[PDB]
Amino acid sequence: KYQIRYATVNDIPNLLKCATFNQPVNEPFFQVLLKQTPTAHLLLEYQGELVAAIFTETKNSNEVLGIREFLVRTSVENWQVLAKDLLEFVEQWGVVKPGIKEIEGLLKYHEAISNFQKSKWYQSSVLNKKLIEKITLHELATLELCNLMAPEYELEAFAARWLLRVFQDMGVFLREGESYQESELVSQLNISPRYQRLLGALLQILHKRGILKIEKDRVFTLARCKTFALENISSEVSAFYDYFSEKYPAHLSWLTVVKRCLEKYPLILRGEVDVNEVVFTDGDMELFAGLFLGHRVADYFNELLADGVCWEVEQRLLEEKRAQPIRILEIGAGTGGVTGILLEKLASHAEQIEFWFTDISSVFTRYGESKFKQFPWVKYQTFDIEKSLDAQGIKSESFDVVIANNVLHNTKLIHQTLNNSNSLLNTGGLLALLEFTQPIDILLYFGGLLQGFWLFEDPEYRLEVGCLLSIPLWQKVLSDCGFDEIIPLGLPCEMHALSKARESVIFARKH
């Protein structure tokens, strides 16, 4: 029923579609291995379809045989028994090859296929390969987190000292050894209903900085809370503002928003003042837009998101059926900050592409058309990712690229949101996300003030006590919702440590 034969260079297109165990695929590298050792690499075919393939190498002065790569085609039905059959063939065929003594390390491959864990295995695509190269060679590849995230770190350290003083101004945490239950602080602080969960997240900020001990049933103030808070808000905030504005000017927006929030936090938390009157002063959306451009980490993720979608569009422009334009949709495009850098990128291909600038709020789609009315190929629509496509007049499975920049977490059930995102794309379409992926303090002070931050009803798939997902949780939920080829991206210095990354661009593909 199936055939084992030598790989050839003619098999390279199909080998590039495989999941790989040791490293991402690489067209020019498969070429060189097949040119240098044309009878060292076996594949297994079943009805013309490629199922599994094994590349070997000879090592240790030519006496032991090693596996250099194990490729599998996971969408073939019984592939695990077939890949086991190819493994056992290679062992037999390898020990009797001229000169070999031993086959090195087959048990790891046997275990990998029988207990299959899709996230261990690399997958590849032109897109994956081009983004890794870009990250590897980026100007920021030489710097480390302490340099790159310094502004965020120092803002968050100061803001936490302010936040403890805000609690002390509302009557709690002046002394070490106070004992509360969380429900009792909600009452004693008179937190309005909408912000009771935000209070949990704010307590959690102080917990991670050693100010409070939060346990199953009780919040307990520790010794460090006697000395940690700011002592004079007005003069110390003024002094920090001067220091921070001059030293990290590109982060001025973050400092301004956090300043405007904390200054009025007791009244905001008690429900006595609205946040749109305090921080969204007089429809000053420009302040809020600058949170996400202008500084080198934010521009790095924007460049990563935008180049990825640009590359994917050119990949699909290389296809001869033509006909329908390539349709891109951006969910929650907002003030169109990252959108603007992408439209400039795609603008060369304006006649084959169709770009939908969308947001749940009519306010932001009209903001968008005010900024992009010169682009004939950008269309505007209100769209809510949590609401039915039909009711919103959108054909399912009609988009090639869906873009969502830090919006998808502001929903009730992340599995329903990604299903709906899946419904947007046709098979092979590309999901492109930019997400904060740690429960970062900086985001709570203002982002936690908005209602979308607290819709979530599936905490089992979120971090700590907020609405964010980590890289692993995103990988889990994206696979659960019918995406594969998931590519999580962080700063270059943490590509090996993304489970702790604050921010991440994630691409994924509908299968």
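One-based numbering along the sequence shown.
Looking at mean Cα B-factors across 282-290 and 138-146, the upper value is held by 282-290.
Mean CA B-factor, 456-464 versus 56-64: the higher value falls on 56-64. The PDB entry assigns its highest CA temperature factor, among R161, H409, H349, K130, to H349. Per the PDB record, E272 has a higher Cα B-factor than any other of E231, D384, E263, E272. When the modelled residues of the chain are ordered by C-alpha B-factor, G200 sits in the lowest third. Ranked by Cα temperature factor within the chain, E77 sits in the highest third according to the deposited record. Sort the modelled residues of the chain by CA B factor and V25 lands in the highest third. Sorting the modelled residues of the chain by their CA temperature factor places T227 in the lowest third. Among the modelled residues of the chain, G308 sits in the middle third by CA temperature factor in this PDB entry.
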